[PDB]
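Visitor: Got a structure for you, questions after.
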Amino acid sequence: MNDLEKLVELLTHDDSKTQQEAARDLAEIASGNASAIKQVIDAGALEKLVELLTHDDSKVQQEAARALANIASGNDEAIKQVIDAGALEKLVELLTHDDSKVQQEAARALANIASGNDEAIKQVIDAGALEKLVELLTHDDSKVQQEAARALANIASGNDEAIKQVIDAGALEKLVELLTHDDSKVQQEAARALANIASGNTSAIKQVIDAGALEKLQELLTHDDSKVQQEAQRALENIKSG
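Just so we're aligned, residue 1 is where the sequence shown starts under the entry's author numbering, counting upward by one.
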């Protein structure tokens, strides 16, 4: 049994600090080379990590979700593996327990998965992730709003059938109220999400402007933060040519 696998072993222990530290230490190893990431996978981390998500231990959940997150930042192989290990079911589950840092890692996790191909994107919507995600947009938690928006954006970067789901979940008007929030990153992600949704067809572009996106977006264009401006401008543009 090599070092990595004795870690997956330690995950199976009933001590809180034991699980947490092993989970934490996997979280870091899995945030390096593509090589490090696959070493983690074939060491069988995924079954064990996913099951930690169902222990009601805030700190443990936070490290097991984060680990999944970091693994989902690797290539398409990891993302396929994370999915086949049933993460999405538990991950979306974690979004309903009001736990700042745990909702946060869960979102980034889904978000990252959602950055994969179209097969990955479908599995996210089918796992009921949309409804829960949209809900997190109304929490008074700048960090959570950012990761939730970030996920939707990725998801709204898929096909028509995806964009349509995002609208149907009632994203649009929550997203716009984000544009008025005085946190740079949040605005950045909301605007990005909007910009993507507004790369669909006339139906999709229409429901954006009806949601009052235009004036807020043009408002952000006068803020002093390059990155936000870019996302706003890019947004005003796919709205414009329609």
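Just so you know, even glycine gets a beta-carbon here, dropped at the ideal spot from N, CA and C.
1. Am I right that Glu-231 and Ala-198 are in contact with their C-beta atoms under 8 Å? What's the rounded C-beta distance?
2. Where do the N-terminal and C-terminal ends of the alpha helix (DSSP H) with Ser-184 fall, by residue?
3. Taking just the CA atoms, how far does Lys-240 sit from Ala-111?
4. When DSSP labels each residue in this structure, what does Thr-202 get in the three-state scheme?
5. Label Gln-207 either buried or exposed according to how many other C-beta atoms from any shown protein chain fall within 10 Å of its C-beta, with 16 as the threshold for buried.
6. Hey, out of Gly-128, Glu-105, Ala-235 and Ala-78, whose CA is closest to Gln-188's CA?
7. Please classify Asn-159: is it buried, with 16 or more other beta-carbons within 10 angstroms of its beta-carbon, or exposed?
8. Taking Cβ positions, are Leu-7 and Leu-26 nearer each other than 7 Å?
9. Would you identify the three-state DSSP class for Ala-87, choosing helix, strand or coil?
10. Where do the ends of the alpha helix (DSSP H) carrying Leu-26 lie?
11. Could you tell me which of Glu-135, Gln-81 and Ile-29 sits nearest to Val-50, measuring between CA atoms?
12. Just to confirm, is the Cβ distance from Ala-109 to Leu-95 under 7 Å?
13. Using a 10 Å radius around the Cβ and a threshold of 16 neighbouring Cβ atoms, would you call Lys-227 buried or exposed?
14. Which term fits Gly-32, buried or exposed, when burial requires 16 or more other beta carbons within 10 angstroms of its beta carbon?
15. Just to confirm, is the Cβ distance from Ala-153 to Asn-196 under 7 Å?
16. Would you mind working out which of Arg-150, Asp-225, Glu-119 and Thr-202 sits nearest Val-134, comparing C-alpha positions?
17. If you follow the alpha helix (DSSP H) that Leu-217 is in, where does it begin and where does it stop?
18. Between which two residues does the alpha helix (DSSP H) containing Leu-49 stretch?
19. Measuring CB to CB, does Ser-157 end up less than 7 Å from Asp-183?
Guide: Taking the definition as stated:
1. On the sequence shown, position 231 is the one that residue 231 refers to. On the sequence shown, position 198 is the one that residue 198 refers to. Not quite, the Cβ-Cβ distance comes to about 12 Å (not below 8 Å), so this is no contact.
2. Here residue 184 corresponds to residue number 184 of the sequence shown, with the count starting at 1. From DSSP, the alpha helix (DSSP H) with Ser-184 extends over 184–197.
3. Start at 1 with the first residue of the sequence shown, and residue 111 comes out as number 111. Start at 1 with the first residue of the sequence shown, and residue 240 comes out as number 240. So the alpha carbons of these two residues sit roughly 27 Å apart.
4. For this step, residue 202 is matched to residue 202 along the sequence shown. Helix at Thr-202.
5. For this step, residue 207 is matched to residue 207 along the sequence shown. Buried: at least 16 other Cβ atoms inside 10 Å.
6. Within the sequence shown, numbered from 1, the residue matching residue 188 stands at position 188. Nearest option by C-alpha distance: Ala-235.
7. The count along the sequence shown starts at 1 and reaches residue 159 at position 159. With fewer than 16 other Cβ atoms within 10 Å, it is exposed.
8. Translated into the one-based positions of the sequence shown, residue 7 becomes position 7. Translated into the one-based positions of the sequence shown, residue 26 becomes position 26. Cβ distance < 7 Å, so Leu-7 and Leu-26 count as in contact.
9. As a position in the sequence shown, residue 87 is number 87, starting the count at 1. In the structure shown, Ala-87 sits in a helix (DSSP, three-state: H, G or I).
10. As a position in the sequence shown, residue 26 is number 26, starting the count at 1. Segment 16–29, the alpha helix (DSSP H) holding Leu-26.
11. Residue mapping note: residue 50 aligns to position 50 of the sequence shown, counting from 1. Measuring from the Cα of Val-50, the nearest candidate turns out to be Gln-81.
12. Sequence index remark: in the sequence shown, residue 109 carries index 109 (1-based). Sequence index remark: in the sequence shown, residue 95 carries index 95 (1-based). Taking 7 Å as the Cβ cut-off, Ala-109 and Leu-95 do not qualify as a contacting pair.
13. In the sequence shown, residue 227 corresponds to position 227, counting from 1. That one is exposed.
14. Here the question's residue 32 lines up with position 32 in the sequence shown. Burial call: exposed.
15. In the sequence shown, residue 153 corresponds to position 153, counting from 1. In the sequence shown, residue 196 corresponds to position 196, counting from 1. Yes; because the gap between Cβ atoms is below 7 Å, this pair is in contact.
16. In the sequence shown, residue 134 corresponds to position 134, counting from 1. Looking at the Cα atoms, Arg-150 is the closest of the given residues.
17. The residue given as residue 217 occupies position 217 in the sequence shown. From DSSP, the alpha helix (DSSP H) with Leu-217 extends over 213–220.
18. Start at 1 with the first residue of the sequence shown, and residue 49 comes out as number 49. First-last of the alpha helix (DSSP H) with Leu-49: 45–52.
19. The sequence position of residue 157 within the sequence shown is 157, counting from 1. The sequence position of residue 183 within the sequence shown is 183, counting from 1. No, the Cβ-Cβ distance between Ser-157 and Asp-183 is not below 7 Å.
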